C-alpha cells in the first residue's frame, strides 16, 4: 500500500555487502518517501561449511577462493579497501578473522525480534571488516549485542540454544529458491531484484519506480454510480 518492503540478502563476511549497505543508505536518504520503507535483513553465508575459525590471512583465503597469486589477492583487497573508503568505511583486512558467520546471523535474527536488526547487522559488519573481531566467538557476539543495546544475557542464551538456527537456514534456502547466488542482493516489493552493490542512483530509481507503481494517479469519474458488487 503506502509501504515499500526492501529485503536484503547479505553475509557478515562480505566486504561488498558493507559497501552495498552504505550505497543503499545513500539512496534511502535521497528518497522522499523513506519513512514508508521497511528494511529487512536476510541471512546469507558465502561459506556455510567454513571452519568455526580459520587462522589464515584474509589475503590467502581470498587467493585460495579465486585461485590467484598473493599479489593479485592483495590488489583485490586494496581495491575493496579504497572503494569502501569512499563510503566512509575504514577496512582493516590484515586484521580480519576468517570466522564461520552462522552464529552471527542468528544474533541478527534475535536482534530483529527486538526491532534492532539493522543496528545489529551494522555492528557485526564493522566488527568483522574494521575491528578484527571473531564473530564466531560467543563472548564477542555477547559484547556486540550489548553495545547495540540488547539484553546481552538473553542474546547469549538464544545463541547457545540455537533458537534462530532454523530461521537462518530458511533465509539461505529462500535465497537459493530466488536464484540469489551472490550478495548483496536487494528485493523490492517482493517483485524486483537488484544484484550486487549498486550505485545509490540505481537503488533510488528502484524505490521511486515501486512507489510510483503503488500510487497510480487518481481517476476522473464519469457519469453516476451504476450497479456493482463489492466485498
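Residue numbers count along the first chain shown, from 1.
Annotation: residue 8 does not belong to the positions left without coordinates in a third of the other compared entries; each one with flanking residues models it.
In this crystal structure, the stretch out of 65-73 and 27-35 whose C-alpha atoms carry the higher mean B factor is 65-73.
Once the C-alpha B-factors are averaged per stretch, 178-186 and 38-46 rank with 178-186 first. The maximum CA B-factor among the listed residues 197, 53, 206, 58, taken from the PDB record, is found at 206. Annotation for residue 92: CA B-factor lies in the lowest third of the chain's modelled residues.
Annotation for residue 153: C-alpha temperature factor in the middle third relative to the rest of the modelled chain, per the entry. When the modelled residues of the chain are ordered by C-alpha B-factor, residue 79 sits in the middle third.
For residue 114, the recorded CA temperature factor ranks within the highest third of the chain's modelled residues. When the modelled residues of the chain are ordered by C-alpha B-factor, residue 161 sits in the highest third.
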